[PDB]
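Structure at a glance
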Amino acid sequence: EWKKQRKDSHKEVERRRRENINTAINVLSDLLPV
DNA sequence: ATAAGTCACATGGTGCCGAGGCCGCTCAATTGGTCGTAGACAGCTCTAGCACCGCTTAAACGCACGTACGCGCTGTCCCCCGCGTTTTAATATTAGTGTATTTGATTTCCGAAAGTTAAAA
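Now for a look at the structure at hand.

Every residue close to DNA strand B is listed here: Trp2, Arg6, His10, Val13, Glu14 and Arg17. For DNA strand B, the fraction of protein-proximal atoms (within 4 Å) that sit in sugar or phosphate groups is 25%. Within the side chain of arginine 6, an N or O atom sits 3.1 Å from a base nitrogen of DNA strand B. One of the side-chain N or O atoms of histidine 10 is found 2.8 Å from a base oxygen in DNA strand B. When grouped by side-chain class, the residues that make up the surface near DNA strand B number two nonpolar, one polar and three charged.

Analysis parameters
Residues numbered from 1 in each chain as written, not as in the entry; some residues may be left out. Chains lettered and ligands numbered in written order. Part of a larger assembly, values for the part shown. Heavy atoms only, no water. Near = heavy atom within 4 Å. Polar contact = N/O pair within 3.5 Å; in protein donor to acceptor, adjacent residues only side chain to side chain. Nonpolar A, V, L, I, M, F, W, Y, C, P; charged D, E, K, R; others polar.

Right, here's the structure in full:
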């Protein structure tokens with residue numbers, strides 16, 4: 001049924017968001033003096 | 001309108017910190033069990049006892065009594081000490097050295113034990 005697929009896709013996009021935040025934090029951290 | 005998307009919310013869970021709760025290792029001497037032998041015993045016979053008379057006269061106890069002997073006696077000699085005093089040496093403190101003991105690791109020592117037999121009234 002389609003509703004579980006909707007939930008799975010929503011979960012996937014949420015995970016992508018969560019990963020993007022960490023990637024941005026890491027690349028920002030790599031530039032700092034310390 | 002709705003698939004994508006951001007977002008916060010809500011719950012997940014993973015990690016580290018005590019901590020009170022079980023647990024692990026060891027040695028005391030108990031008691032469990034088991035060999036083998038001191039122990040009490042099993043017919044026993046005869047020892048030196050200990051009466052059990054049955055004498056004798058050698059001790060012995062009293063009968064007498066006697067110097068010896070005692071026991072306080074008594075002038076007096078003496079000596080011990082109660083102090084008083086100077087001494088006087090006994091405190092009782094530190095001390096490090098100089099063996100004195102000393103407790104590990106053997107490491108020989110040697111006689112109790114197991115044959116084997118010498119000797120033994």
